[PDB]
Ligand SMILES: O=S(=O)(O)C(F)(F)C(F)(F)C(F)(F)C(F)(F)C(F)(F)C(F)(F)C(F)(F)C(F)(F)F
Ligand SMILES: O=S(=O)(O)C(F)(F)C(F)(F)C(F)(F)C(F)(F)C(F)(F)C(F)(F)C(F)(F)C(F)(F)F
Ligand code: NA
Ligand code: NA
């Protein structure tokens, strides 16, 4: 997969299921254009956002809708969302995994980048 | 001091010094308007961003310019910046510390919200 | 898998490959008895440590040999190892994933626990 | 103050107050001998563990009793405790801050090592 998003819940020790994720790409006029979106599965994973052909060079933003996730579990969390902003594919195609671990007042995020 | 930002470096085991930090407040037209900014001190801290009178309820974004920090250290990083987006909420007196721990391909962030 | 260990490198944005992992189980005399060991694969994963039958109730320690990992990459890190100590299977068999994200002066660890 | 421990709570967005912390120093027979201990303050901090004269080079372990902390909050946790194991190294003057951010199924820890 060229782009995969994985979200975990540090309170429950589980994948974070049904988390909305929106991806944007910076356009030539410097605005954030919608690129792809989806929801995490029962494994906390979101696959199928894009294809190698579509996922050209650019600056991308992955917005993870953490507030809605916590609210539905009865928690009023600190953050509106978790955002991950990065340049992709500027030295040719890569595969990106964006992972996030969520707590009500914190999050950690990392990237795993591999060359296919 | 109702808002403080603290930035640490997980590669060097040190405060992240001279990191640019920009704070924005969401306007009624849903755009981000500049609110305060500065550079972290030798302790990785940025104080004096705002006052109690000015820091009213609303949605705020703290951008930390991590890419320029890593570039200055000669280390290739993943993210363009780290972003922390949250709502300020008057529920009694409040002080907010936004902390971030930086690595080249990762960051962790937390909020410590206390009442003096 | 009843027990899986996954290790990532926050400096390189990659799995942490060839990391030694030692698992211990607390014995009746309160000493740490060797239980299983192995090394992470090219995907940063270590599978096959134990079986559902062997992995009885108990207190377990997963020791990840982070210092050796960093030293081989030219970094003199802070920690000797990362240790994860937990009670397992005390409400019946579960599947455990122990994940760790490594930096030279930091680590983050989480657990994902699922009921088969 | 050559050694300070700071503990934060990612569920409540607060310092982790009244957490027991035990420090050990590895003896020549390779056992862990008690060195210092205390409970975190209302700021999540534990100062006064040791002195410059006493804190000689060696291998130290900081155990943070996270399970009892979560139990007191009525939250089921994963870990028995969080452990931080490191070597103290005289390379000019040094102060060590060991910080930990706690969630029920996760923890993050970093070291900030500075020269005053
Ligand atoms: O530097 S301080 O010890 O004052 C601190 F505020 F506690 C802190 F270390 F920065 C921190 F807030 F704990 C912290 F940096 F956020 C931290 F939580 F400890 C951390 F471990 F670094 C971290 F969790 F990774 C985070 F910074 F949140 F990313
Ligand atoms: O490899 S997977 O993406 O399936 C994963 F195990 F979930 C993971 F990526 F390793 C992960 F656990 F999510 C993780 F990336 F390590 C993570 F939890 F998100 C993490 F952010 F790296 C982390 F929180 F720091 C962890 F180190 F796992 F605690
Ligand atoms: Na290029
Ligand atoms: Na039982």
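Going by Swiss-Prot, the residues shown for chain C are 30-145, listed in order.
Just so it is clear, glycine is given a Cβ too, placed from its N, Cα and C backbone atoms.
According to Swiss-Prot, the protein has these features:
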- C:30: sulfocysteine (MOD_RES)
- C:35, C:74, C:137: L-thyroxine binding site (BINDING)
- C:62: 4-carboxyglutamate (MOD_RES)
- C:72: phosphoserine (MOD_RES)
- C:118: N-linked glycosylation site (CARBOHYD)
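Features as recorded by Swiss-Prot, highlighted on the structure.
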residue	record	CB count, 10 Å
C:30	sulfocysteine	15
C:35	L-thyroxine binding site	20
C:62	4-carboxyglutamate	11
C:72	phosphoserine	14
C:74	L-thyroxine binding site	16
C:118	N-linked glycosylation site	15
C:137	L-thyroxine binding site	28
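Among the recorded positions listed (C:62, C:72, C:118), C:72 has its Cα nearest to the Cα of residue C:35 (L-thyroxine binding site). In the three-state DSSP classification, residue C:118 (N-linked glycosylation site) falls within coil.
Here the recorded positions are C:35, C:72, C:74, C:118, C:137, and the ones sitting under 8 angstroms from chain A, going by CB atoms, are C:137. When the C-alpha distances from residue C:62 (4-carboxyglutamate) to the recorded positions C:30, C:72, C:74, C:118, C:137 are tabulated, the minimum falls on C:118. Chain D comes close to C:137, taken from the recorded positions C:30, C:35, C:72, C:74, C:118, C:137 by a C-beta to C-beta distance under 8 angstroms. The closest partner of residue C:137 (L-thyroxine binding site) among the recorded positions, by CA position, is C:72; the full candidate set was C:30, C:72, C:118.
Listed recorded positions C:35, C:72, C:137 compared with chain B at a CB cut-off under 8 A give C:137 as the close ones. The Cα atom of the residue listed as 'N-linked glycosylation site' lies nearest to that of C:30, taking the recorded positions C:30, C:72, C:74 as the candidates. Close to ligand 2, meaning a Cβ under 6 Å from one of its atoms, are these of the recorded positions C:35, C:72, C:74, C:118: C:35.
Of all residue pairs in C:35, C:74, C:137, the annotated binders of L-thyroxine, the farthest apart have Cα atoms separated by 16 Å. The secondary structure of the residue listed as '4-carboxyglutamate', as reduced to three states from DSSP, is extended strand.
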